[PDB]
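Taking the form deposited in one PDB entry, here's one chain by itself in structure tokens.
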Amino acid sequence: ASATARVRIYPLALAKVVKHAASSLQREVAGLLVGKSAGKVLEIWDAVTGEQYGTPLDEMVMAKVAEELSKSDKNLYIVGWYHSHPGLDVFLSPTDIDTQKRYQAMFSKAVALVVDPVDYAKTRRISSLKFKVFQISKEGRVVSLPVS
């Protein structure tokens, strides 16, 4: 359906995304996914961001993400992004589609992890996490990828 067949999100990455998203329920937070492909499987090993957590400048976002990237594993690379949409359920907005298309122009296997962390933050159970991982097909459809 799209360039990447499926995705494996390592627990430390998922933890980082969820902590960010769940710590910031008033905001549609974002960051980068760090990992590597292994054939048709895209591995998400880590996540970084230049955004603030919680209740809160491009110049600060750039510094912070550069600092995080400087500490990242040199055998890994940017494989996508995440975006939280508290209370909106899980889909790519029109804006998100544009962004994802831009990511894919940088790296054809890039993916978009969308999370709605409201229920997780209420229940404190990962099984209440609402998320999907998306890519955009050539013909412009939003495709939801298998995730382990």
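By rigid core we mean the largest C-alpha set that fits within 1.5 Å across both forms. When you see a residue number, it is the position in the sequence shown, counting from 1.
There is also a form deposited in another entry; it is not shown, and the following applies to it.
- Compared between the shown form and the other one on the core, the listed residues 116, 68, 46, 28 keep their C-alpha shifts below 2 Å, save 68.
- Compared with the form shown here, the C-alpha atoms of residue 68 and residue 116 sit at least 3 Å farther apart in that other deposited form.
- In that other deposited form, the CA atoms of residue 112 and residue 72 sit farther apart than in the displayed form, by at least 3 angstroms.
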